[PDB]
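Inspection log for the structure reproduced underneath, given as structure tokens.
Number of protein chains: 2
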Amino acid sequence: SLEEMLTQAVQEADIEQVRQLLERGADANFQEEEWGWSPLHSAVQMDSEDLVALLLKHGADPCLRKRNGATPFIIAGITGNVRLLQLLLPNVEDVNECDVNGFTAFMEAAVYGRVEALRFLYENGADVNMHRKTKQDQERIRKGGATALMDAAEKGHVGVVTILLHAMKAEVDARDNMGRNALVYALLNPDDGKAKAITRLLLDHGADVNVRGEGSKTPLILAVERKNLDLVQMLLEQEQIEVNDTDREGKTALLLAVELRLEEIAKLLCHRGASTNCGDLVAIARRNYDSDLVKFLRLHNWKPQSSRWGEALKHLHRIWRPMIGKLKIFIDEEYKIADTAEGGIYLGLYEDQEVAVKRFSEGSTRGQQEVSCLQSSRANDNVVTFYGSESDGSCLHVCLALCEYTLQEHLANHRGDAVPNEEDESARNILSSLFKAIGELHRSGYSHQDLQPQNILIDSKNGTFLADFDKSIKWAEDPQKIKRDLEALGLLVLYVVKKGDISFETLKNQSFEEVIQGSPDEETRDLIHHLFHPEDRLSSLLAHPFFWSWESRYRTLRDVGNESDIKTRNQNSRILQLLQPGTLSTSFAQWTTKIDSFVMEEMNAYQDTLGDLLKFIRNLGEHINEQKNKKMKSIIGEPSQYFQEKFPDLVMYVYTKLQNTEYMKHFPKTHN
Amino acid sequence: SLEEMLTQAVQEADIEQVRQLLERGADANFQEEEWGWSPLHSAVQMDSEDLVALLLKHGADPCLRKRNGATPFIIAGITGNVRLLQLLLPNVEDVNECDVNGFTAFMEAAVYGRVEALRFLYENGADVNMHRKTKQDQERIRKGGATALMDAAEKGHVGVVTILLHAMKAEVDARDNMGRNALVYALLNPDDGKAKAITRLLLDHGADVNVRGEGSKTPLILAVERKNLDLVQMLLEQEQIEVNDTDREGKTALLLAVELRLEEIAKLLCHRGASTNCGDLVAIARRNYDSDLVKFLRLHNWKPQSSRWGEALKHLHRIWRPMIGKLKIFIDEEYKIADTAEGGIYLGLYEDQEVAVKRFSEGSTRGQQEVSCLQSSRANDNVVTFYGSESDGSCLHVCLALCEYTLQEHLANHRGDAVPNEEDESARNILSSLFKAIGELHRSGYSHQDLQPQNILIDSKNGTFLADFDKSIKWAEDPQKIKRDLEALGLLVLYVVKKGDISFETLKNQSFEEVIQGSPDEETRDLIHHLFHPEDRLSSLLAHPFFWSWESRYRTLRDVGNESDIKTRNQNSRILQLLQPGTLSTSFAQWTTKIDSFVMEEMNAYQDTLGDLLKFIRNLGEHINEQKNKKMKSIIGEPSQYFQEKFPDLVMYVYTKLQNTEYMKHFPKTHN
């Protein structure tokens, strides 16, 4: 805290405390860590000559460089104080020294409009036409190479431009690495009057009128887009100008002129030799309601991916619209996807991609929670994909991936697909996606407060996606509220499982008790139970046998019945000691009798213990397909289904018993 | 082609042919399908009175509405021809009729600056202070409700504003649905001189100076941002103005003034009672190099998710930078990720999210192929996630998801993890991702011409992502070139499999023959073979046993050896007729001898046929764990590994034989 005390002394311009701290022996070259600023730099910045000398007195280095490589002599070009430049110059070996980005003291004087300091540097040996030498990464992308003239052209210092061109023998048509010259930079200046001067100055000195900036915009084009008649005239007076040149989109200056309702500028361009085959101009002017320009001008493949929305998208790509940023959109019933509590969901095109657009008041608080969440959710594969947002003056457009059907529609549409008791694989695929969806959302610290089946969407590929966050929150604030998603998830597990025959509204007016009851099976009940009463909760439920395929459950039960300790009926064994330490209201107490009479006997050639039942199943499963057992096979049907239908608590029981044991291995390989 | 012939007749102003086509009896009310335009509308638009009468003569409906609900009388307000309004008025029941968006003929006259037509409508019974009544969706997001004054204020028609305020008893402080009044709209007009007039006019008539537009900007703020001293003065003269109010980000007008280097505007605000505790203005002005303003002003927890890049991100969030659009970025070695052929890969913050930024020349052709591909790849979960792009003048910033390690680094970092012969599950997880990555890329019509291991990235979660598309192409053009990705994929399969001990450069200078040879197993060879010689190719290779786990392969071989036809050795069977129609250079010819002497004998209590071998394995696998077989178990080890190591061509052979048969069922459940 010696040079730290010196830093604030210099910031407050407190000169006697600087001298005391300097005579106390505090470092006059001390550079602060972040940006490498020294007391001398600080001084020159703040325009204080008493401090500047007092530092050079006590041994300050005027060649010292802060993080961007600039010296106090370079800084002196910014502030524009000539005595401060004079004062320093004896210790400056090279006057054309420069920072990392190639800014010399003279350039900085040109940038910042400092004429006396500009004149001074010229007289002392400054290179006027020096191009900025900048970093490797910066040059390989063609940045850098700007000259002092270009700076004064961009910033609009006319005094300096005049002085450069005439007195200081400055090259007018000199170019930076992108190919731009001062004329280009000059048309970028927002101030009309200053821009109009510098253009004339540059054109009179012979600056090249056919050049290109960003876009491949020509000066002529920049001027059209700026909507300035005077700058257009001034450029069109050069008779060597190429009026029929086109910017990167293939657009000629005429085209734009008509597009932007610029009558006088368009007419003027036509006279000066522009062509009418640069695009339909007649239609555009009509469109615009340019009565006179229409008069004047007369006298002179895309494939959508969506099936449900393909036709309308084609027509939206076809028709002419103005962009809102990167969003082409039209509000009209033909392109409406759904009502909302605010602005509806419409079809839209985004960076040429099909997108459903959720429209809000820009000022809406719900709309703000939405874009906030979706911004944090880009990596989440099971959240509807997020393209971006665009404001016009008044609406906030939220662009999302465009799916085919809400869940509720999907389940209705595919309600006829399955035969009566058929295993429901896709319920598992729908639900397992949302678990991961909500899992990752919770991890991002966001909770989705309105889980319901219209918020869930199913794409063309049958992928399922969690999708609306206007009422979401950072659960960080009130961790109690994470529960509400897990509850809703529970209703959703039954909703899906029951194929959509029960409404979600019915499910919302039942109690936990009623729902659990309404569930068709024990897996489904235990899953919903755990969702009502619990983080990695959701990931740790994907291992749940609810998500095990029927062949996996049958595979598991067999692999257990193949433990030798089960086969020999070693009642002292560890595995058995898990499954059945002596007293059952289960469905597999007295199991030998609820089996068919035929099959049981054949197999006997077997007690009511659970161990024997798993023994039984293993056997049945190995041998069932042998030719000798034709009747067995015919009676049982599909064995996995036989045993589940027969003993609906079996699998859960077994799962529960071996849950965290070494016999987990026999569970089916699962998500992690 | 009768009213179609009439439409072009009217467009070309060809009056006699219009009369002939009208006397021929062609529909004078015909509305073209797309936008609902009629000959009468067309006429009024184009400002032609001979045609307008001639149409009303032959029975044209002047109350007819095109798609946006506008009538020819509404259109007449746009064109601003008073005789044309007079001519039509007898048939116009309501003069304040309006289109779907609530634009009346008078509003359109105010919008388009048509005074004579404005005066005429007033005198005929137009409502001056009518608010636009617009659609349900539009009103729930608070658009609409704009008045004729607001339109003329926005568009900068000063004549009309004067006329409205004085002669036509227009309400000055009237508000649209967002809460905006004409003063707000007037500060939006880019023309300084026209804006300055309308503000004075509005303020003199008592327009409310404390109001809010977008942002939640006050007039005062809009003016600061416009950088207009004169509009600031004009507003600050109202002594009831709230200078200390803040826009939606919490920013006061002073703050912005200092932020934008506005000395005179800031000083003026301070005098007019603004506060200095609106944020660190001293530091900002220093930063800016506002020497005098610094003088004037002296008188008077964010958490990154990345582990490798956390520290630097923190410091990038901490420091002050100007936004490039939605990208906060600083070029400095501390925040550099990698060199490139152009602008490097730097750290960046995007909508407050951490992103790696791939920097190009805006004009670069490679850079254009990149953003083009990534825009089409948002739905692809194995492509590095795409945030968006931002141009400054000269660099094209491509913002991507920020991962921890390139593949090449990852494999080096985890090279110590596995014990010598350990099953490599993560090679399968790395490769299976890229298959799906390149699969979906090919399906989007894009091909990635430079597949190599630095183009592959591994996130914090160990997810793997395909990522460099600067050299990608639409393969549509030259479908021969899709083959080059699959080739590279082949080198990659070996690169990954060999844990990264062989370089990719070595792999690039081998022949197909050499690579296949360098492969450690038969699965790996057949996968690479197929990748050298083949757009669902890639999806149909995910079923490949190369991606089967060792337990799956053992599970499969057993499930086959459990076919009864194998057990009875029914040589006439279908399954056996697949596996072994008679004469083998395989490793399972004479298999009974390459097995251990002990184990073979025990099991015997078995020919050299492939059927018997699968019989053998099934048996071994069921019974191996029984207590009696302790030595068997000790000798064999893990049975899946035993049999693979012993017979390295076995699984491929079996796969090949039953590949498209009904015995596919015994293959392990796979990706689809």
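From first to last, the protein sequence lines are chains A and B. When the letters of the first sequence are read in order and numbered with the authors' numbering, they come out as residues 22 to 321, 333 to 566, 571 to 619, 622 to 643, 663 to 729. When the letters of the second sequence are read in order and numbered with the authors' numbering, they come out as residues 22 to 321, 333 to 566, 571 to 619, 622 to 643, 663 to 729. Note that beta-carbon positions come from the ideal geometry of N, C-alpha and C, so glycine has one too.
Whether residue i touches residue j by CB criterion (8 Å)
i: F317 of chain B; j: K272 of chain B; result: no
i: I602 of chain A; j: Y720 of chain A; result: no
i: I36 of chain A; j: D68 of chain A; result: no
i: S312 of chain B; j: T100 of chain A; result: yes
i: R605 of chain B; j: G678 of chain B; result: no
i: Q628 of chain A; j: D665 of chain A; result: yes
i: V264 of chain A; j: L241 of chain A; result: yes
i: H178 of chain A; j: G227 of chain A; result: no
i: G399 of chain B; j: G420 of chain A; result: no
Residues near residue i in its chain [Cβ-Cβ closer than 8 Å; skip 5 each side]
i: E402 of chain A; result: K390, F392, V430, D500, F501, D502 and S504
i: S426 of chain A; result: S393 and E394
i: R353 of chain B; result: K360, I361 and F362
i: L614 of chain A; result: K714, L715, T718 and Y720
DSSP three-state assignment for residue i, whether helix, strand or coil
i: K687 of chain B; result: helix
i: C427 of chain A; result: strand
i: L406 of chain B; result: helix
i: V387 of chain A; result: strand
i: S585 of chain A; result: coil
i: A195 of chain B; result: coil
i: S63 of chain B; result: helix
i: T438 of chain B; result: strand
i: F724 of chain B; result: coil
i: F362 of chain A; result: coil
i: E422 of chain B; result: strand
i: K346 of chain A; result: helix
i: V528 of chain B; result: helix
Residue from the options with nearest C-alpha to residue i
i: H349 of chain A; options: A:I514, A:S63, A:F582 and A:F362; result: A:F362
i: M638 of chain A; options: A:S623, A:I693 and A:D595; result: A:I693
i: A306 of chain B; options: B:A278, B:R340 and B:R293; result: B:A278
i: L208 of chain B; options: B:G180, B:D48, B:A173 and B:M151; result: B:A173
i: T183 of chain B; options: B:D517, B:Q107 and B:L224; result: B:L224
i: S465 of chain A; options: A:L243, A:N717, A:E455 and A:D491; result: A:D491
i: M709 of chain A; options: A:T556, A:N122, A:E695 and A:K690; result: A:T556
i: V415 of chain A; options: A:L257, A:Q542, A:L320 and A:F497; result: A:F497
i: residue 734 of chain A; options: A:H321, A:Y310 and A:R282; result: With chain A covering 22 to 729 only, the question about residue 734 of chain A has no answer from this structure.
i: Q38 of chain B; options: B:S408, B:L76, B:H562 and B:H62; result: B:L76
Neighbourhood of residue i by C-beta, 7 Å cutoff - its chain only, sequence neighbours within 5 removed
i: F724 of chain A; result: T592
i: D517 of chain A; result: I470, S479, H480 and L483
i: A344 of chain A; result: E366, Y367 and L379
Own chain residues within Cβ distance below 6 Å of residue i, not counting five before or after
i: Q484 of chain A; result: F536
i: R460 of chain A; result: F583
Using a Cβ-Cβ cut-off of less than 7 Å, list which residues of the stretch 87 to 107 of chain B approach chain A; keep chain order. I99 and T100
For the stretch 687 to 701 of chain B, which residues have a beta carbon sitting closer than 8 Å to at least one beta carbon of chain E? No chain E appears in this structure, whose protein chains are A and B.
Beta carbons nearer than 7 Å to chain A: which residues of the stretch 199 to 217 of chain B have them? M199
Name the residues in the stretch 375 to 403 of chain B whose C-beta lies less than 8 Å from a C-beta of chain A; which are they? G375, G376, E383, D384, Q385, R391, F392, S393, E394, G395 and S396
Contacting positions in the stretch 56 to 79 of chain B - beta carbon closer than 7 Å to chain A: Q66, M67 and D68
Contact set between the stretch 278 to 295 of chain A and chain B, restricted to residues whose Cβ is under 9 Å from the partner: none
So if I threshold CB-CB distances at 8 Å, which residues from the stretch 149 to 178 of chain B count as touching chain A? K156, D158, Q159, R161, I162, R163 and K164
Quick one: which residues of the stretch 581 to 601 of chain A get their C-beta closer than 9 Å to a C-beta of chain B? List them in chain order. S585, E587, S588, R591, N598, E599, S600 and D601
If contact means a Cβ-Cβ distance below 9 Å, which residues of the stretch 303 to 320 of chain B contact chain A? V303, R307, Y310, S312, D313, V315, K316 and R319
Could you name the residues of the stretch 108 to 140 of chain B whose beta carbon sits closer than 8 Å to any beta carbon of chain A, in the order they occur along the chain? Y133
Residues in the stretch 429 to 441 of chain B with C-beta within 8 Å of chain A's C-beta atoms, listed in sequence order? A433
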